[PDB]
Amino acid sequence: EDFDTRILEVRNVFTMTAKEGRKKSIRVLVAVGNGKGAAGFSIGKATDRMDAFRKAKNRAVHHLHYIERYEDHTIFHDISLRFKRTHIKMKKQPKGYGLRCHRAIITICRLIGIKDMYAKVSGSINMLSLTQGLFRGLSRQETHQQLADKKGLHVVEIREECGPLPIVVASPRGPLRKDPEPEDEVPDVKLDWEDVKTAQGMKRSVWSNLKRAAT
Amino acid sequence: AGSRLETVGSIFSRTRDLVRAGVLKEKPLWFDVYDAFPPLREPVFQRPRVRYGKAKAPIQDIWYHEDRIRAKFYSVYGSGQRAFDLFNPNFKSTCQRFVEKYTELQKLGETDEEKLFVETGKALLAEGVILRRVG
Amino acid sequence: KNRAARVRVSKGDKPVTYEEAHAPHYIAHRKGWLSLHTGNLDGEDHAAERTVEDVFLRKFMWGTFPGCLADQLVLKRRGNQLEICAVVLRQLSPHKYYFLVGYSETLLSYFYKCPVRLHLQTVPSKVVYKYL
Amino acid sequence: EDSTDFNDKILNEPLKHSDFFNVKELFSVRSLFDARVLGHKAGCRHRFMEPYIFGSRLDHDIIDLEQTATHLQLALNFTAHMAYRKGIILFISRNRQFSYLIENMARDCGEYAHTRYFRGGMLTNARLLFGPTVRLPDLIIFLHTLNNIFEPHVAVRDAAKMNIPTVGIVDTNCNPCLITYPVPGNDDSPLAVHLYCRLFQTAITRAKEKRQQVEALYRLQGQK
RNA sequence: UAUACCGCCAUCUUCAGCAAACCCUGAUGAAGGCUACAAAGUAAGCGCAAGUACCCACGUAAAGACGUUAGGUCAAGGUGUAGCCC
RNA sequence: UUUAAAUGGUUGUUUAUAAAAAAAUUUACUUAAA
Ligand SMILES: [K+]
Ligand SMILES: [Mg+2]
Ligand SMILES: [Mg+2]
Ligand SMILES: [Mg+2]
Ligand SMILES: [Mg+2]
Ligand SMILES: [Mg+2]
Ligand SMILES: [Mg+2]
Ligand SMILES: [Mg+2]
Ligand SMILES: [Mg+2]
Ligand SMILES: [Mg+2]
Ligand SMILES: [Mg+2]
C-alpha cells in the first residue's frame with residue numbers, strides 16, 4: 001500500500017503468425033516507488049492492456065533499487081552517463097529548485113522522492129533506455145560518507161547562504177589521514193562544452209528557462 | 001518484498017537497503033549472521049573480460065633450485081625403475097634420493113655441477129642403488 | 001467446423017453446466033434426454049403434438065419464473081400425467097414460488113386437459129460442471 | 001517480556017564470539033593438503049580465480065591452501081550459525097560421481113540435497129511449483145558450482161535473485177563472483193569431496209546439538 | 001446490407017496445435033525458452049488421444065480445438081442499421 | 001554436373017476503463033353474550 005505505480009509507455013508491438021498474420025501485443029513500461037528511495041521498473045507484455053498493466057506492476061516490485069538521496073530531496077553529486085545511445089546529465093540542485101527534467105524523469109523522481117534536480121536527455125530519447133539509464137546512474141551515486149571513508153578525510157560543505165561557515169557533512173569512520181590531498185594546479189578533467197558555453201553566456205536558447213507549472 | 005537484481009550490489013547491500021527503507025518488514029535469518037562474520041570479499045557480480053594487448057596473468061610458474069638437478073637426472077638415467085607411489089606422503093623416489101645426496105655434497109663445498117653430479121651418482125652406486133643409464 | 005449446441009472454449013472463465021457442456025454426439029452416451037414420452041417409440045402416435053407441447057412448456061416456464069431457472073427442464077409423461085421437474089434458484093421468496101406453482105399447475109392443466117404437477121428443486125447457485 | 005531475554009540468551013549470544021562452534025579444530029592446512037585440496041590446467045583457469053591460485057606447477061594451477069583455510073573457516077562458521085538458527089540448508093551438486101555420497105550426507109545431518117537436474121524456476125518460481133506457503137532454503141552449499149557443461153550452476157544466479165547466501169567450493173575454472181562464501185579448493189578428487197562432506201556434516205550436527213543444549217539450560221534455569 | 005450478426009456449415013483437417021497464469025533469457029527491444037551421461041522452463045484449460053456407437057482390442061463411423069478464405073446462407077427462422085406504409 | 005517455365009489493375013489493419021438493488025408476515029380452538 002505504500003508503493004505507487006505510474007505508467008511510462010504503452011506500445012502496440014506486432015509479430016507475424018502463419019495462421020493469423022499480424023498478432024497485436026501490448027508492451028507496457030511502469031515504475032513503482034514508495035517515495036522514500038525504493039523504486040523499480042518493469043516491462044509487462046500481454047494481448048490485453050489490463051493484463052499487461054498487472055504483469056508489469058506486480059513484477060516491478062520484485063526489482064526495486066534503493067536510491068541514496070542527499071538530505072532526502074536531491075542527488076549527492078552531478079551524474080553524467082550514457083546508456084546505449086541515450087545521454088543523461090543530471091545536476092544537483094538546492095531546495096526549492098523543482099524537477100526541471102524530462103517528463104518521464106519527473107515521474108520517476110516523484111516515485112523515488114527526489115524533489116530538486118535538473119536533467120538534460122540527449123541522443124536517442126528511447127523511453128526504455130532513459131528509464132534503464134536513470135536507474136543505473138542514481139544507483140551508482142557515491143554518498144558523502146562513502147567518499148569520506150574512501151578518502152579518509154572530512155567532507156566540508158561550503159554554502160554561499162551561510163558565508164564561510166565550514167559544515168562537515170561526513171567524517172571518516174576509521175582513522176583520519178594527516179596528509180592533505182595533493183592539489184593539482186590544473187585539473188585534467190573532461191569538461192562538457194555545453195556547460196562551459198552556458199557559463200560564458202554564449203548559449204542563447206528561446207526554449208531554456210521558460211516559465212512552467214510547478215512540478 | 002525482496003530485490004531480484006542480482007547484478008546490482010550484493011544480497012546484503014540490497015537486503016540492508018530495503019530493510020532501511022522499510023520495504024522488508026523483517027530482516028532475513030541470515031542477515032544477522034552475515035553482518036557479524038562477513039566474507040573477505042563482498043559478493044558483487046562482475047563481468048569476465050578477455051585480456052587484450054600486453055595484459056598477462058600474474059600466475060607464475062612454480063620452480064625450485066633442485067628442478068635443475070631433477071631435469072639432468074631424468075635425462076641421464078630416465079624414470080627410475082621404482083614406480084612412484086603418490087599415495088604415501090613420505091615416498092622418496094630415486095631422483096629425490098639423488099637430489100638429497102647432490103645437496104649434501106653441495107654443502108661439502110663442491111662448486112662444479114658436472115663433478116658434483118658425477119660424485120652424486122657414485123655415492124648412490126656404493127649404497128646399492130641401481131642406476132642404469134639410458135646408454 | 002461443427003457448431004450445433006456446442007459451448008466454445010473461452011479464456012477459462014465461462015461457467016457451464018453439465019448439460020450445456022456436452023455436444024450433441026453425447027446425447028445417449030454421457031447425457032440423457034430432457035423429455036421422456038412414448039411418441040418417438042416404434043409404432044407410437046402423436047410425436048408431433050408431444051413435441052409442440054414440449055416447446056411451449058419450456059418457453060412458458062422460462063417466462064413464468066423469470067431469472068429463477070438454474071438449468072433446463074425435465075419433462076416427464078406417465079400415462080395421462082405431465083410432470084415438470086425444474087431446478088430453480090434460492091433468490092425468489094418462498095411465498096412467490098408457492099403462488100407460481102399453484103398458478104402454473106392450474107393454468108397448464110386447463111390448457112392441455114391433463115393433471116399437471118410442477119416439482120421444484122432449489123439450489124444456492126448454478127451448479128458449475130467446468131470453466132470453459 | 002520473556003521473548004527479548006530468550007532471544008538475547010539464545011539467538012544473539014553466539015554472535016558475540018569469533019568461533020562459538022569451534023570449527024577451527026575440524027581442519028588444518030595439513031589435512032587439506034593430504035586430501036589434495038590441486039587445480040585444473042592453466043588453460044582452464046578462470047580469470048576471477050587468479051587471486052586464489054598459488055602458482056602453476058608444469059601448467060597445473062596450485063590453489064593456495066593458506067587462503068583456503070581462511071575462506072573455509074568463514075564458510076564453516078557461517079554454516080554452523082545457520083544450522084544453529086534452524087535454517088534450511090540445501091546441498092547442490094551436479095557431479096554424478098558424488099551424487100550418492102552427497103544425498104546420504106544431507107539425510108544424515110537432517111538437511112536437504114539437490115543432486116539432480118535443476119528444473120527451471122525451482123527457486124524463483126517456487127510458490128507455483130511447490131505451493132504458496134513453501135519455505136525456501138536459508139543457506140545453499142554448492143559442493144560443485146559448475147553444471148555438466150562446465151558452466152556455472154543456474155542455482156548460483158537464482159540464489160542471488162532470491163537473496164539466499166551461498167557457500168561454494170570454487171575450483172580454478174569456476175566463477176566465484178556471486179558466491180557469498182567461496183572456498184577455493186579441488187572439487188574433483190574423491191578425497192577432497194569426502195573431506196568437504198565430513199566438514200560440513202560435522203559443523204551442522206555440532207551446531208544443532210549446541211542449540212538443544214543451550215535451550216535446555218535456559219529452560220531448566222527458567223523454571224527454578 | 002451475409003462487408004453489422006445470431007443460428008447452421010464449407011475449407012485446410014487424409015492437421016496437432018491453441019494456450020490463461022507465472023518464471024527466466026535478450027544490458028529489462030520486436031521477441032525467445034531445447035540437449036536425459038540434460039544446459040530454464042513449470043504449465044490449468046481446449047483439441048488430439050483415451051472412451052463410446054456398429055460385428056472384436058480391427059475397421060468404419062462419430063469426433064476434430066484456436067484460427068485461415070469479410071468463404072456460404074438477411075429467401076429456415078430471428079435480428080442490428082437504412083428504406084416502403086393507397 | 002544437366003530442357004523450357006511469362007504475367008497478376010486502385011484504395012482499403014488494431015486503444016482507453018470496468019462494474020444494480022430488494023421484501024413483508026409478525027406462534028397457540030370452540031363458542032358466545034348484551
Ligand atoms: K435484416
Ligand atoms: Mg463436417
Ligand atoms: Mg574441478
Ligand atoms: Mg461471410
Ligand atoms: Mg453471395
Ligand atoms: Mg476404435
Ligand atoms: Mg467423418
Ligand atoms: Mg477422438
Ligand atoms: Mg462474402
Ligand atoms: Mg504484361
Ligand atoms: Mg499485385
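Throughout, protein chains are lettered first and strands after them, A, B, ... in sequence-line order, and every chain is numbered starting at 1. All heavy atoms count here, side chains included; hydrogens, waters and symmetry mates do not.
- Backbone-only contact: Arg54(A) has heavy atoms under 4.0 Å from sugar-phosphate atoms and none from a base.
- Judged by the 3.5 Å cutoff on both pairing distances, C18(E) and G45(E) qualify as a Watson-Crick or G-U wobble pair.
- With both hydrogen-bonding distances under 3.5 Å, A10(E) and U69(E) qualify as a Watson-Crick or G-U wobble pair.
- A heavy-atom distance below 4.5 Å is found between the side chains of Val88(C) and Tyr97(C).
- Set against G51(E), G67(E), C46(E), the side chain of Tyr26(C) has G51(E) as its closest nucleotide.
- A positive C1'-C2'-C3'-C4' torsion places the sugar of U52(E) in the north, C3'-endo-side range.
- Nucleotides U11(E) and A76(E) have their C1' atoms positioned 23 Å apart, rounded to a whole Å.
- Taking 4.0 angstrom as the limit, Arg119(D) places none of its side-chain polar atoms (N or O) nearer than this to OP1 or OP2 of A39(E).
- A salt bridge links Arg20(B) to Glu68(A): one of the charged nitrogens lies within less than 4.0 Å of a carboxylate oxygen.
- Contact annotation: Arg94(D) side-chain N/O to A39(E) OP1/OP2 distance is under 4.0 Å.
- Counting non-hydrogen atoms under 4.0 angstrom, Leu29(A) reaches nothing in the nucleic acid.
- When heavy atoms are screened at a 4.0 angstrom cut-off, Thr15(A) is found touching the sugar-phosphate backbone but no base atom.
- Side chain of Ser93(C), nearest nucleotide from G45(E), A23(F), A63(E): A23(F).
- Across all strands shown, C5(E) forms a Watson-Crick or G-U wobble pair, both distances under 3.5 Å, with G78(E).
- Under a 3.5 Å limit on both donor-acceptor distances, the bases of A21(E) and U42(E) meet the Watson-Crick or G-U wobble criterion.
- Side-chain N/O atoms of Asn2(C) include one lying less than 4.0 angstrom from OP1 or OP2 on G64(E).
- With respect to the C1'-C2'-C3'-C4' torsion, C22(E) shows a north sugar, the value lying on the positive side.
- The pentose of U14(F) is categorized as south (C2'-endo side) on the basis of a negative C1'-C2'-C3'-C4' torsion.
- Mapping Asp51(A) and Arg3(C) onto RNA chain E by nearest heavy atom places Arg3(C) closer to the 5' end of the strand.
- Between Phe41(A) and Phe135(A), the ring-plane angle classifies as parallel under the 30° and 60° cut-offs.
- No hydrogens or angles were tested; on distance alone, a donor-acceptor pair under 3.5 Å links the side chain of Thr124(D) to the base of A40(E).
- Using a 4.0 Å heavy-atom cutoff across all strands shown, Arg116(D) reaches no nucleic acid atom at all.
- Using a 4.0 Å cut-off between charged nitrogen and carboxylate oxygen, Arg94(D) and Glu151(D) do not count as a salt-bridge pair.
- You'll find the side chain of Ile88(A) stays beyond 4.5 Å of the side chain of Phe83(A), heavy atoms only.
- Each of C8(E), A30(E), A39(E) was ranked by its minimum atom distance to the side chain of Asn148(D); first place goes to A39(E).
- Between the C1' atom of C22(E) and the NZ atom of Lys11(C) lies a distance of 18 Å, rounded to the nearest Å.
- A canonical Watson-Crick pair (purine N1 to pyrimidine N3 plus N6-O4 or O6-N4) or a G-U wobble (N1-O2 and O6-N3), each contact under 3.5 Å, is absent between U30(F) and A24(F).
- A donor-acceptor contact closer than 3.5 angstrom links the side chains of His144(D) and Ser93(D).
- North is the pucker assigned to the sugar of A18(F), its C1'-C2'-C3'-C4' torsion being positive.
- Across all strands shown, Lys23(A) has heavy atoms under 4.0 Å from sugar-phosphate atoms exclusively, and none from any base.
- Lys55(A) comes within 4.0 angstrom of sugar-phosphate atoms only, judged by non-hydrogen atoms across all strands, and of no base.
- Side-chain nitrogen and oxygen atoms of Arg11(A) include none within less than 4.0 Å of the OP1 or OP2 phosphate oxygen of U15(F).
- For the pair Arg136(A) and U28(E), the criterion of a side-chain N or O lying under 4.0 Å from OP1 or OP2 is not met.
- Comparing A50(E), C23(E), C66(E) by their closest approach to the side chain of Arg30(C) singles out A50(E).
- Side-chain nitrogen and oxygen atoms of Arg8(C) include none within less than 4.0 Å of the OP1 or OP2 phosphate oxygen of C46(E).
- A distance of about 16 Å separates the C1' atoms of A21(E) and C46(E), rounded to the whole Å.
- Side-chain nitrogen and oxygen atoms of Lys1(C) include none within less than 4.0 Å of the OP1 or OP2 phosphate oxygen of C46(E).
- Separation of the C1' atoms belonging to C15(E) and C48(E) is 10 Å when rounded to the nearest angstrom.
- In this model, the phosphate group of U28(E) is not approached by any side-chain N or O of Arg59(A) to a distance below 4.0 Å at OP1 or OP2.
- Between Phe41(A) and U28(E), a base-stacking contact is recorded: ring centres under 5.5 Å apart, planes less than 30° from parallel.
- Between the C1' atoms of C66(E) and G45(E), the separation comes to 13 Å (whole Å).
- Here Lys84(A) lies in heavy-atom contact (under 4.0 Å) with a base.
- Closest non-hydrogen pair, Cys44(D) versus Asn173(D), comes out as O-CB, 3.1 Å.
- Nucleotides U60(E) and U14(E) have their P atoms positioned 13 Å apart, rounded to a whole Å.
- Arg127(D) comes within contact range of no nucleotide atom at all, as no heavy-atom separation falls under 4.0 Å.
- On the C1' atoms, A16(E) is 37 Å away from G78(E), given to the nearest whole Å.
- Residue contacts shown for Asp158(D) include a base, since a base heavy atom lies under 4.0 Å away.
- Here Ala5(C) lies in heavy-atom contact (under 4.0 Å) with sugar-phosphate atoms only.
- In this structure, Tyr26(C) and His22(C) have perpendicular ring planes: the angle between them is above 60°, well past the 30° mark.
- Residue contacts for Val154(D): at a heavy-atom cut-off of 4.0 Å it reaches a base atom on one of the strands shown.
- Residue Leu128(A) is in sugar-phosphate contact alone, with no base atom involved, counting any heavy-atom pair closer than 4.0 Å across all strands shown.
- Although no hydrogens or angles enter the test, the distance criterion places a donor-acceptor pair under 3.5 Å between the side chain of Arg41(B) and the main chain of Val44(B).
- For the criterion of Watson-Crick or G-U wobble pairing, both bonds shorter than 3.5 Å, the nucleotides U13(F) and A23(F) do not count as partners.
- Under the 5.5 Å and 30° stacking definition, the step from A6(F) to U7(F) qualifies as stacked.
- Ring geometry, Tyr103(C) versus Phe99(C): the interplanar angle falls under 30°, so the pair is classed parallel (tilted spans 30 to 60°).
- Between the side chain of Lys19(A) and the base of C18(E), no donor-acceptor pair under 3.5 Å is found.
- To the nearest whole angstrom, the two P atoms, one in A43(E) and one in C56(E), are 38 Å apart.
- Listed nucleotides: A27(E), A21(E), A23(F). Nearest to the side chain of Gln132(A): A27(E).
- Nucleotides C74(E) and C5(E), compared at atom P, are 15 Å apart to the nearest Å.
- In this structure, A20(F) forms no base pair with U26(F) under the Watson-Crick or G-U wobble definition at 3.5 Å.
- Across all strands shown, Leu128(D) has heavy atoms under 4.0 Å from base atoms, whether or not it also approaches the sugar-phosphate.
- Among the protein residues, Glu151(D) comes within range of no part of the nucleic acid, since none of its heavy atoms lies under 4.0 Å from any strand.
- Around the NZ atom of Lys11(C), the shell of radius 6.0 Å holds no more than 12 heavy atoms that belong to other residues, nucleotides or ligands.
- Pucker annotation for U13(F) reads south, on the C2'-endo side, since its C1'-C2'-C3'-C4' dihedral is below zero.
- In this structure, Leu129(D) and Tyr131(C) both approach RNA chain E, and ranking their closest nucleotides by distance from the 5' end singles out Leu129(D).
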